[PDB]
$ cat coords12.pdb   # PDB, N, CA and C atoms
MODEL        1
ATOM      1  N   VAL A 244     -11.372  10.274  15.225
ATOM      2  CA  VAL A 244     -11.659   9.388  14.110
ATOM      3  C   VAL A 244     -12.797  10.011  13.320
ATOM      4  N   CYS A 245     -12.973   9.583  12.080
ATOM      5  CA  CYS A 245     -13.980  10.137  11.184
ATOM      6  C   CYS A 245     -15.218   9.255  11.225
ATOM      7  N   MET A 246     -16.189   9.637  12.042
ATOM      8  CA  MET A 246     -17.484   8.982  12.077
ATOM      9  C   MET A 246     -18.571   9.967  11.674
ATOM     10  N   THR A 247     -19.099   9.787  10.471
ATOM     11  CA  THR A 247     -20.115  10.666   9.920
ATOM     12  C   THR A 247     -21.455  10.426  10.589
ATOM     13  N   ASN A 248     -22.134  11.534  10.890
ATOM     14  CA  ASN A 248     -23.473  11.568  11.477
ATOM     15  C   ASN A 248     -23.540  10.792  12.784
ATOM     16  N   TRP A 249     -22.468  10.885  13.562
ATOM     17  CA  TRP A 249     -22.490  10.326  14.900
ATOM     18  C   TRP A 249     -23.397  11.108  15.830
ATOM     19  N   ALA A 250     -23.652  12.378  15.527
ATOM     20  CA  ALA A 250     -24.547  13.198  16.335
ATOM     21  C   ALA A 250     -25.566  13.822  15.385
ATOM     22  N   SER A 251     -26.620  13.070  15.090
ATOM     23  CA  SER A 251     -27.708  13.593  14.282
ATOM     24  C   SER A 251     -29.024  13.113  14.870
ATOM     25  N   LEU A 252     -30.027  13.971  14.808
ATOM     26  CA  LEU A 252     -31.320  13.656  15.360
ATOM     27  C   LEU A 252     -32.402  14.122  14.432
ATOM     28  N   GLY A 253     -33.587  13.570  14.624
ATOM     29  CA  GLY A 253     -34.756  13.953  13.864
ATOM     30  C   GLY A 253     -34.756  13.778  12.368
ATOM     31  N   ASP A 254     -34.113  12.726  11.890
ATOM     32  CA  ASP A 254     -34.138  12.434  10.474
ATOM     33  C   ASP A 254     -33.846  10.962  10.271
ATOM     34  N   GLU A 255     -34.237  10.455   9.119
ATOM     35  CA  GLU A 255     -34.042   9.069   8.749
ATOM     36  C   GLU A 255     -32.596   8.657   8.561
ATOM     37  N   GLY A 256     -31.844   9.559   7.952
ATOM     38  CA  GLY A 256     -30.481   9.368   7.503
ATOM     39  C   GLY A 256     -30.386   9.419   5.991
ATOM     40  N   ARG A 257     -29.164   9.666   5.525
ATOM     41  CA  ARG A 257     -28.956   9.788   4.089
ATOM     42  C   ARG A 257     -28.997   8.432   3.413
ATOM     43  N   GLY A 258     -28.452   7.416   4.061
ATOM     44  CA  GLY A 258     -28.407   6.077   3.527
ATOM     45  C   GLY A 258     -27.062   5.412   3.663
ATOM     46  N   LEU A 259     -25.984   6.125   3.369
ATOM     47  CA  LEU A 259     -24.640   5.588   3.488
ATOM     48  C   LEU A 259     -23.919   6.341   4.588
ATOM     49  N   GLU A 260     -22.950   5.690   5.222
ATOM     50  CA  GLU A 260     -22.105   6.328   6.218
ATOM     51  C   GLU A 260     -20.673   5.883   5.990
ATOM     52  N   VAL A 261     -19.729   6.696   6.444
ATOM     53  CA  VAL A 261     -18.339   6.284   6.563
ATOM     54  C   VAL A 261     -17.967   6.366   8.034
ATOM     55  N   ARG A 262     -17.561   5.237   8.598
ATOM     56  CA  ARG A 262     -17.297   5.188  10.030
ATOM     57  C   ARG A 262     -16.016   4.388  10.230
ATOM     58  N   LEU A 263     -14.904   5.096  10.285
ATOM     59  CA  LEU A 263     -13.646   4.446  10.585
ATOM     60  C   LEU A 263     -13.643   4.013  12.043
ATOM     61  N   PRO A 264     -13.248   2.784  12.345
ATOM     62  CA  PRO A 264     -12.946   2.423  13.718
ATOM     63  C   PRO A 264     -11.678   3.122  14.167
ATOM     64  N   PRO A 265     -11.453   3.252  15.473
ATOM     65  CA  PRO A 265     -10.239   3.909  15.963
ATOM     66  C   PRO A 265      -8.995   3.135  15.568
ATOM     67  N   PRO A 266      -7.833   3.799  15.490
ATOM     68  CA  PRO A 266      -6.627   3.151  14.943
ATOM     69  C   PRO A 266      -6.104   1.955  15.726
ATOM     70  N   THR A 267      -6.652   1.651  16.903
ATOM     71  CA  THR A 267      -6.332   0.388  17.550
ATOM     72  C   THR A 267      -6.899  -0.790  16.770
ATOM     73  N   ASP A 268      -8.022  -0.599  16.085
ATOM     74  CA  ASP A 268      -8.607  -1.661  15.279
ATOM     75  C   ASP A 268      -8.024  -1.624  13.873
ATOM     76  N   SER A 269      -8.695  -2.293  12.936
ATOM     77  CA  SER A 269      -8.111  -2.551  11.626
ATOM     78  C   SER A 269      -8.243  -1.356  10.693
ATOM     79  N   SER A 270      -9.461  -0.818  10.559
ATOM     80  CA  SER A 270      -9.799   0.315   9.682
ATOM     81  C   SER A 270      -9.439   0.055   8.229
ATOM     82  N   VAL A 271      -9.562  -1.201   7.806
ATOM     83  CA  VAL A 271      -9.354  -1.577   6.416
ATOM     84  C   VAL A 271     -10.673  -1.744   5.678
ATOM     85  N   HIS A 272     -11.798  -1.766   6.394
ATOM     86  CA  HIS A 272     -13.064  -2.144   5.783
ATOM     87  C   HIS A 272     -13.648  -1.012   4.955
ATOM     88  N   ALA A 273     -13.111   0.199   5.091
ATOM     89  CA  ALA A 273     -13.633   1.311   4.308
ATOM     90  C   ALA A 273     -12.807   1.536   3.052
ATOM     91  N   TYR A 274     -11.675   0.856   2.936
ATOM     92  CA  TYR A 274     -10.823   0.990   1.767
ATOM     93  C   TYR A 274     -10.833  -0.257   0.904
ATOM     94  N   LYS A 275     -11.893  -1.054   0.989
ATOM     95  CA  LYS A 275     -12.106  -2.183   0.101
ATOM     96  C   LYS A 275     -13.467  -2.125  -0.572
ATOM     97  N   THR A 276     -13.718  -1.084  -1.364
ATOM     98  CA  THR A 276     -15.012  -0.960  -2.018
ATOM     99  C   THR A 276     -14.907  -1.245  -3.509
ATOM    100  N   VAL A 277     -13.755  -0.956  -4.112
ATOM    101  CA  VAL A 277     -13.509  -1.287  -5.509
ATOM    102  C   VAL A 277     -12.146  -1.947  -5.623
ATOM    103  N   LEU A 278     -12.046  -2.865  -6.589
ATOM    104  CA  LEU A 278     -10.844  -3.665  -6.864
ATOM    105  C   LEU A 278     -10.363  -4.422  -5.631
ATOM    106  N   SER A 279     -11.301  -4.903  -4.818
ATOM    107  CA  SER A 279     -10.941  -5.583  -3.584
ATOM    108  C   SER A 279     -11.994  -6.577  -3.124
ATOM    109  N   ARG A 280     -12.702  -7.237  -4.033
ATOM    110  CA  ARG A 280     -13.686  -8.219  -3.604
ATOM    111  C   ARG A 280     -13.039  -9.592  -3.512
ATOM    112  N   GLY A 281     -12.911 -10.272  -4.645
ATOM    113  CA  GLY A 281     -12.358 -11.610  -4.656
ATOM    114  C   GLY A 281     -10.992 -11.648  -5.296
ATOM    115  N   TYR A 282     -10.034 -10.989  -4.657
ATOM    116  CA  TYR A 282      -8.687 -10.865  -5.191
ATOM    117  C   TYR A 282      -7.727 -10.742  -4.026
ATOM    118  N   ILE A 283      -8.234 -10.190  -2.933
ATOM    119  CA  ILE A 283      -7.443  -9.894  -1.752
ATOM    120  C   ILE A 283      -8.297 -10.207  -0.533
ATOM    121  N   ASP A 284      -7.768 -11.031   0.371
ATOM    122  CA  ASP A 284      -8.537 -11.541   1.500
ATOM    123  C   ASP A 284      -8.875 -10.446   2.499
ATOM    124  N   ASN A 285      -9.854 -10.699   3.361
ATOM    125  CA  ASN A 285     -10.379  -9.681   4.270
ATOM    126  C   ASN A 285      -9.448  -9.478   5.464
ATOM    127  N   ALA A 286      -8.275  -8.933   5.157
ATOM    128  CA  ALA A 286      -7.281  -8.550   6.149
ATOM    129  C   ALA A 286      -6.311  -7.508   5.643
ATOM    130  N   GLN A 287      -6.313  -7.196   4.353
ATOM    131  CA  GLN A 287      -5.335  -6.308   3.757
ATOM    132  C   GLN A 287      -6.056  -5.224   2.975
ATOM    133  N   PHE A 288      -5.380  -4.106   2.767
ATOM    134  CA  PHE A 288      -5.854  -3.128   1.806
ATOM    135  C   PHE A 288      -5.122  -3.347   0.495
ATOM    136  N   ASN A 289      -5.648  -2.766  -0.574
ATOM    137  CA  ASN A 289      -4.999  -2.943  -1.863
ATOM    138  C   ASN A 289      -4.195  -1.694  -2.179
ATOM    139  N   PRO A 290      -2.867  -1.721  -2.053
ATOM    140  CA  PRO A 290      -2.089  -0.501  -2.281
ATOM    141  C   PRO A 290      -1.954  -0.137  -3.740
ATOM    142  N   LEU A 291      -2.099  -1.092  -4.656
ATOM    143  CA  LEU A 291      -2.108  -0.747  -6.068
ATOM    144  C   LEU A 291      -3.393  -0.046  -6.473
ATOM    145  N   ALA A 292      -4.441  -0.146  -5.664
ATOM    146  CA  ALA A 292      -5.678   0.585  -5.885
ATOM    147  C   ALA A 292      -6.072   1.361  -4.639
TER     148      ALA A 292
ATOM    149  N   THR B 827      -9.888  -7.844 -20.006
ATOM    150  CA  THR B 827      -8.942  -8.457 -19.096
ATOM    151  C   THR B 827      -9.642  -8.819 -17.792
ATOM    152  N   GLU B 828      -8.851  -9.196 -16.796
ATOM    153  CA  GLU B 828      -9.422  -9.502 -15.496
ATOM    154  C   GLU B 828      -9.715  -8.218 -14.727
ATOM    155  N   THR B 829     -10.172  -8.388 -13.483
ATOM    156  CA  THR B 829     -10.576  -7.244 -12.672
ATOM    157  C   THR B 829      -9.378  -6.378 -12.315
ATOM    158  N   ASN B 830      -8.408  -6.951 -11.615
ATOM    159  CA  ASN B 830      -7.179  -6.255 -11.268
ATOM    160  C   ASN B 830      -6.011  -7.137 -11.660
ATOM    161  N   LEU B 831      -5.470  -6.911 -12.851
ATOM    162  CA  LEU B 831      -4.312  -7.669 -13.287
ATOM    163  C   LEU B 831      -3.098  -6.763 -13.238
ATOM    164  N   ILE B 832      -1.936  -7.381 -13.070
ATOM    165  CA  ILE B 832      -0.653  -6.732 -13.277
ATOM    166  C   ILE B 832       0.103  -7.573 -14.292
ATOM    167  N   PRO B 833       0.604  -6.991 -15.383
ATOM    168  CA  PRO B 833       1.228  -7.820 -16.426
ATOM    169  C   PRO B 833       2.566  -8.409 -16.025
ATOM    170  N   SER B 834       3.122  -8.001 -14.887
ATOM    171  CA  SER B 834       4.358  -8.610 -14.422
ATOM    172  C   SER B 834       4.073  -9.776 -13.490
ATOM    173  N   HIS B 835       3.079  -9.625 -12.615
ATOM    174  CA  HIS B 835       2.725 -10.708 -11.704
ATOM    175  C   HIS B 835       2.032 -11.836 -12.447
ATOM    176  N   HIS B 836       1.208 -11.498 -13.436
ATOM    177  CA  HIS B 836       0.425 -12.525 -14.105
ATOM    178  C   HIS B 836       1.258 -13.290 -15.118
ATOM    179  N   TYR B 837       2.182 -12.611 -15.793
ATOM    180  CA  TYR B 837       3.027 -13.309 -16.752
ATOM    181  C   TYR B 837       4.064 -14.162 -16.045
ATOM    182  N   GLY B 838       4.481 -13.752 -14.853
ATOM    183  CA  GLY B 838       5.487 -14.513 -14.140
ATOM    184  C   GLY B 838       4.955 -15.822 -13.596
ATOM    185  N   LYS B 839       3.724 -15.814 -13.092
ATOM    186  CA  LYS B 839       3.156 -17.040 -12.549
ATOM    187  C   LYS B 839       2.745 -17.995 -13.658
ATOM    188  N   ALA B 840       2.444 -17.468 -14.844
ATOM    189  CA  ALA B 840       2.012 -18.338 -15.932
ATOM    190  C   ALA B 840       3.200 -18.967 -16.641
ATOM    191  N   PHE B 841       4.312 -18.245 -16.735
ATOM    192  CA  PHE B 841       5.525 -18.789 -17.322
ATOM    193  C   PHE B 841       6.351 -19.594 -16.339
ATOM    194  N   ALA B 842       6.009 -19.562 -15.057
ATOM    195  CA  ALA B 842       6.760 -20.340 -14.078
ATOM    196  C   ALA B 842       6.644 -21.857 -14.239
ATOM    197  N   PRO B 843       5.484 -22.475 -14.531
ATOM    198  CA  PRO B 843       5.523 -23.934 -14.719
ATOM    199  C   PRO B 843       6.014 -24.369 -16.084
ATOM    200  N   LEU B 844       6.423 -23.439 -16.941
ATOM    201  CA  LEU B 844       6.913 -23.832 -18.256
ATOM    202  C   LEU B 844       8.433 -23.860 -18.291
ATOM    203  N   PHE B 845       9.081 -23.120 -17.389
ATOM    204  CA  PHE B 845      10.538 -23.123 -17.355
ATOM    205  C   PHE B 845      11.068 -24.192 -16.415
ATOM    206  N   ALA B 846      10.177 -24.861 -15.685
ATOM    207  CA  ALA B 846      10.610 -25.990 -14.875
ATOM    208  C   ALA B 846      10.598 -27.273 -15.688
ATOM    209  N   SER B 847       9.631 -27.415 -16.590
ATOM    210  CA  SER B 847       9.617 -28.552 -17.498
ATOM    211  C   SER B 847      10.716 -28.387 -18.531
ATOM    212  N   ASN B 848      11.787 -29.169 -18.397
ATOM    213  CA  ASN B 848      12.952 -29.024 -19.268
ATOM    214  C   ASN B 848      12.630 -29.564 -20.661
ATOM    215  N   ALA B 849      11.905 -28.746 -21.418
ATOM    216  CA  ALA B 849      11.734 -29.026 -22.834
ATOM    217  C   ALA B 849      12.655 -28.147 -23.659
ATOM    218  N   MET B 850      13.247 -27.137 -23.031
ATOM    219  CA  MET B 850      14.293 -26.376 -23.697
ATOM    220  C   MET B 850      15.559 -27.208 -23.805
ATOM    221  N   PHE B 851      15.784 -28.099 -22.842
ATOM    222  CA  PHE B 851      16.992 -28.914 -22.861
ATOM    223  C   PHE B 851      16.724 -30.288 -23.455
ATOM    224  N   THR B 852      15.466 -30.584 -23.769
ATOM    225  CA  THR B 852      15.167 -31.792 -24.526
ATOM    226  C   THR B 852      15.258 -31.513 -26.015
ATOM    227  N   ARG B 853      15.173 -30.242 -26.399
ATOM    228  CA  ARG B 853      15.356 -29.898 -27.799
ATOM    229  C   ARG B 853      16.807 -30.069 -28.214
ATOM    230  N   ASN B 854      17.737 -29.588 -27.387
ATOM    231  CA  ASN B 854      19.146 -29.622 -27.757
ATOM    232  C   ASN B 854      19.693 -31.038 -27.755
ATOM    233  N   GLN B 855      19.183 -31.894 -26.874
ATOM    234  CA  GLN B 855      19.644 -33.273 -26.858
ATOM    235  C   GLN B 855      19.124 -34.035 -28.063
ATOM    236  N   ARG B 856      17.912 -33.721 -28.510
ATOM    237  CA  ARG B 856      17.397 -34.366 -29.709
ATOM    238  C   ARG B 856      17.996 -33.749 -30.962
ATOM    239  N   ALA B 857      18.578 -32.560 -30.839
ATOM    240  CA  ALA B 857      19.142 -31.892 -32.003
ATOM    241  C   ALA B 857      20.470 -32.510 -32.398
ATOM    242  N   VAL B 858      21.349 -32.732 -31.422
ATOM    243  CA  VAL B 858      22.674 -33.247 -31.738
ATOM    244  C   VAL B 858      22.609 -34.720 -32.097
ATOM    245  N   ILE B 859      21.591 -35.433 -31.619
ATOM    246  CA  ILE B 859      21.410 -36.811 -32.062
ATOM    247  C   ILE B 859      20.925 -36.832 -33.502
ATOM    248  N   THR B 860      20.040 -35.898 -33.861
ATOM    249  CA  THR B 860      19.569 -35.814 -35.239
ATOM    250  C   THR B 860      20.675 -35.339 -36.168
ATOM    251  N   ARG B 861      21.610 -34.542 -35.657
ATOM    252  CA  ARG B 861      22.793 -34.237 -36.447
ATOM    253  C   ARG B 861      23.690 -35.455 -36.567
ATOM    254  N   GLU B 862      23.886 -36.179 -35.467
ATOM    255  CA  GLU B 862      24.851 -37.268 -35.477
ATOM    256  C   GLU B 862      24.301 -38.490 -36.188
ATOM    257  N   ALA B 863      22.977 -38.606 -36.276
ATOM    258  CA  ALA B 863      22.404 -39.698 -37.048
ATOM    259  C   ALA B 863      22.286 -39.318 -38.510
ATOM    260  N   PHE B 864      22.475 -38.041 -38.822
ATOM    261  CA  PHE B 864      22.387 -37.604 -40.207
ATOM    262  C   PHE B 864      23.659 -37.947 -40.963
ATOM    263  N   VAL B 865      24.818 -37.630 -40.380
ATOM    264  CA  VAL B 865      26.080 -37.816 -41.087
ATOM    265  C   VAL B 865      26.451 -39.287 -41.144
ATOM    266  N   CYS B 866      25.980 -40.074 -40.179
ATOM    267  CA  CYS B 866      26.276 -41.500 -40.205
ATOM    268  C   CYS B 866      25.302 -42.247 -41.102
ATOM    269  N   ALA B 867      24.318 -41.543 -41.661
ATOM    270  CA  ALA B 867      23.381 -42.182 -42.572
ATOM    271  C   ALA B 867      23.502 -41.615 -43.975
ATOM    272  N   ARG B 868      23.857 -40.335 -44.088
ATOM    273  CA  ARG B 868      24.186 -39.777 -45.393
ATOM    274  C   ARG B 868      25.430 -40.437 -45.954
ATOM    275  N   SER B 869      26.395 -40.744 -45.089
ATOM    276  CA  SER B 869      27.568 -41.480 -45.534
ATOM    277  C   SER B 869      27.355 -42.982 -45.425
ATOM    278  N   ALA B 870      26.109 -43.414 -45.233
ATOM    279  CA  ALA B 870      25.825 -44.842 -45.270
ATOM    280  C   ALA B 870      25.108 -45.217 -46.555
ATOM    281  N   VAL B 871      24.561 -44.227 -47.257
ATOM    282  CA  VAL B 871      24.030 -44.482 -48.587
ATOM    283  C   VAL B 871      24.980 -43.939 -49.638
ATOM    284  N   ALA B 872      26.056 -43.283 -49.207
ATOM    285  CA  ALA B 872      27.003 -42.735 -50.170
ATOM    286  C   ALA B 872      28.191 -43.660 -50.357
ATOM    287  N   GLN B 873      28.405 -44.581 -49.419
ATOM    288  CA  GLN B 873      29.472 -45.560 -49.592
ATOM    289  C   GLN B 873      28.934 -46.843 -50.199
ATOM    290  N   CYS B 874      27.613 -46.952 -50.310
ATOM    291  CA  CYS B 874      27.029 -48.092 -51.001
ATOM    292  C   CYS B 874      26.872 -47.799 -52.485
ATOM    293  N   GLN B 875      26.236 -46.681 -52.822
ATOM    294  CA  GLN B 875      26.171 -46.271 -54.215
ATOM    295  C   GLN B 875      27.538 -45.770 -54.656
TER     296      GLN B 875
ENDMDL
END
$ encode --input "coords12.pdb" --output "structure tokens"
Amino acid sequence: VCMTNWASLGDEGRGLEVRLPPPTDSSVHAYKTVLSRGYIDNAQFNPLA
Amino acid sequence: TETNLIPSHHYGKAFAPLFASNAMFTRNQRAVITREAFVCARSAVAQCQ
């Protein structure tokens, strides 16, 4: 799975991360950043966007 | 426009409560009565004069 900075030491961090959960879980929370606030409930991705 | 609109989904839901209200079929029923009350009244002032 794609987990950024899972192994980093001696620094504060950049500020943002992308951390997909493994495919047994949902992994929809990283594909709802634009055109997906109050239009589509927190269970689906938006395939038109 | 809105945030994420589709002109097919949005026009379909907005025109859906207008095609259920039978005002298209209330026009035709009032039309033939207005025709049928016309000839029975045009020939009601033409047989008097």
$ select_by_dssp --input "coords12.pdb" --residues "chain B" --states "alpha helix (DSSP H)" --output "tab-separated table (two decimals) with N, CA and C atoms, in the coordinates of the input"
chain	number	residue	atom	x	y	z
B	833	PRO	N	0.60	-6.99	-15.38
B	833	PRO	CA	1.23	-7.82	-16.43
B	833	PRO	C	2.57	-8.41	-16.02
B	834	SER	N	3.12	-8.00	-14.89
B	834	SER	CA	4.36	-8.61	-14.42
B	834	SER	C	4.07	-9.78	-13.49
B	835	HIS	N	3.08	-9.62	-12.62
B	835	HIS	CA	2.72	-10.71	-11.70
B	835	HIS	C	2.03	-11.84	-12.45
B	836	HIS	N	1.21	-11.50	-13.44
B	836	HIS	CA	0.42	-12.52	-14.10
B	836	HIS	C	1.26	-13.29	-15.12
B	837	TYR	N	2.18	-12.61	-15.79
B	837	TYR	CA	3.03	-13.31	-16.75
B	837	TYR	C	4.06	-14.16	-16.05
B	838	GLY	N	4.48	-13.75	-14.85
B	838	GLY	CA	5.49	-14.51	-14.14
B	838	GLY	C	4.96	-15.82	-13.60
B	839	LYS	N	3.72	-15.81	-13.09
B	839	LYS	CA	3.16	-17.04	-12.55
B	839	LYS	C	2.74	-18.00	-13.66
B	840	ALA	N	2.44	-17.47	-14.84
B	840	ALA	CA	2.01	-18.34	-15.93
B	840	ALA	C	3.20	-18.97	-16.64
B	841	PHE	N	4.31	-18.24	-16.74
B	841	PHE	CA	5.52	-18.79	-17.32
B	841	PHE	C	6.35	-19.59	-16.34
B	850	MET	N	13.25	-27.14	-23.03
B	850	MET	CA	14.29	-26.38	-23.70
B	850	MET	C	15.56	-27.21	-23.80
B	851	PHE	N	15.78	-28.10	-22.84
B	851	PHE	CA	16.99	-28.91	-22.86
B	851	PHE	C	16.72	-30.29	-23.46
B	852	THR	N	15.47	-30.58	-23.77
B	852	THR	CA	15.17	-31.79	-24.53
B	852	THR	C	15.26	-31.51	-26.02
B	853	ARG	N	15.17	-30.24	-26.40
B	853	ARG	CA	15.36	-29.90	-27.80
B	853	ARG	C	16.81	-30.07	-28.21
B	854	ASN	N	17.74	-29.59	-27.39
B	854	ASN	CA	19.15	-29.62	-27.76
B	854	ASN	C	19.69	-31.04	-27.76
B	855	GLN	N	19.18	-31.89	-26.87
B	855	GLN	CA	19.64	-33.27	-26.86
B	855	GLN	C	19.12	-34.03	-28.06
B	856	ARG	N	17.91	-33.72	-28.51
B	856	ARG	CA	17.40	-34.37	-29.71
B	856	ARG	C	18.00	-33.75	-30.96
B	857	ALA	N	18.58	-32.56	-30.84
B	857	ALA	CA	19.14	-31.89	-32.00
B	857	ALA	C	20.47	-32.51	-32.40
B	858	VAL	N	21.35	-32.73	-31.42
B	858	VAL	CA	22.67	-33.25	-31.74
B	858	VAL	C	22.61	-34.72	-32.10
B	859	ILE	N	21.59	-35.43	-31.62
B	859	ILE	CA	21.41	-36.81	-32.06
B	859	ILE	C	20.92	-36.83	-33.50
B	860	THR	N	20.04	-35.90	-33.86
B	860	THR	CA	19.57	-35.81	-35.24
B	860	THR	C	20.68	-35.34	-36.17
B	861	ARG	N	21.61	-34.54	-35.66
B	861	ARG	CA	22.79	-34.24	-36.45
B	861	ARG	C	23.69	-35.46	-36.57
B	862	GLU	N	23.89	-36.18	-35.47
B	862	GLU	CA	24.85	-37.27	-35.48
B	862	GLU	C	24.30	-38.49	-36.19
B	863	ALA	N	22.98	-38.61	-36.28
B	863	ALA	CA	22.40	-39.70	-37.05
B	863	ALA	C	22.29	-39.32	-38.51
B	864	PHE	N	22.48	-38.04	-38.82
B	864	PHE	CA	22.39	-37.60	-40.21
B	864	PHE	C	23.66	-37.95	-40.96
B	865	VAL	N	24.82	-37.63	-40.38
B	865	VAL	CA	26.08	-37.82	-41.09
B	865	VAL	C	26.45	-39.29	-41.14
B	866	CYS	N	25.98	-40.07	-40.18
B	866	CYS	CA	26.28	-41.50	-40.20
B	866	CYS	C	25.30	-42.25	-41.10
B	867	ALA	N	24.32	-41.54	-41.66
B	867	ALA	CA	23.38	-42.18	-42.57
B	867	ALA	C	23.50	-41.62	-43.98
B	868	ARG	N	23.86	-40.34	-44.09
B	868	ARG	CA	24.19	-39.78	-45.39
B	868	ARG	C	25.43	-40.44	-45.95
$ closest_atom_pairs --input "coords12.pdb" --of "chain A" --to "chain B" --cutoff "10 Å" --atoms "only C-alpha atoms" --output "CSV"
residue,atom,partner,partner_atom,distance
A:277,CA,B:829,CA,9.8
A:278,CA,B:830,CA,6.3
A:279,CA,B:830,CA,8.6
A:280,CA,B:829,CA,9.6
A:281,CA,B:829,CA,9.3
A:282,CA,B:830,CA,7.8
A:291,CA,B:830,CA,9.1
A:292,CA,B:830,CA,8.8
$ residues_around --input "coords12.pdb" --residues "residue 247 in chain A" --least-positions-apart "2" --cutoff "5 Å" --atoms "all atoms listed in the file" --output "compact mmCIF listing (two decimals) with N, CA and C atoms, in the coordinates of the input"
# COMPACT_ATOMS: atom_id res chain seq x y z
N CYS A 245 -12.97 9.58 12.08
CA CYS A 245 -13.98 10.14 11.18
C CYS A 245 -15.22 9.26 11.22
N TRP A 249 -22.47 10.88 13.56
CA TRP A 249 -22.49 10.33 14.90
C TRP A 249 -23.40 11.11 15.83
N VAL A 261 -19.73 6.70 6.44
CA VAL A 261 -18.34 6.28 6.56
C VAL A 261 -17.97 6.37 8.03
N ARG A 262 -17.56 5.24 8.60
CA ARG A 262 -17.30 5.19 10.03
C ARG A 262 -16.02 4.39 10.23
$ atom_distance --input "coords12.pdb" --atom1 "CA of residue 845 in chain B" --atom2 "CA of residue 861 in chain B"
25.3 Å
$ residues_around --input "coords12.pdb" --residues "range 264-273 of chain A" --least-positions-apart "4" --cutoff "10 Å" --atoms "only C-alpha atoms" --output "PyMOL selection string"
chain A and resi 244-246+285-289
$ atom_distance --input "coords12.pdb" --atom1 "CA of residue 849 in chain B" --atom2 "atom C of residue 834 in chain B"
22.7 Å
$ axis_aligned_box --input "coords12.pdb" --around "range 844-848 of chain B" --padding-each-side "6 Å" --output "JSON"
{"center_x": 9.7, "center_y": -26.3, "center_z": -17.8, "size_x": 18.5, "size_y": 18.4, "size_z": 17.8}
$ atom_distance --input "coords12.pdb" --atom1 "CA of residue 841 in chain B" --atom2 "CA of residue 827 in chain B"
17.9 Å
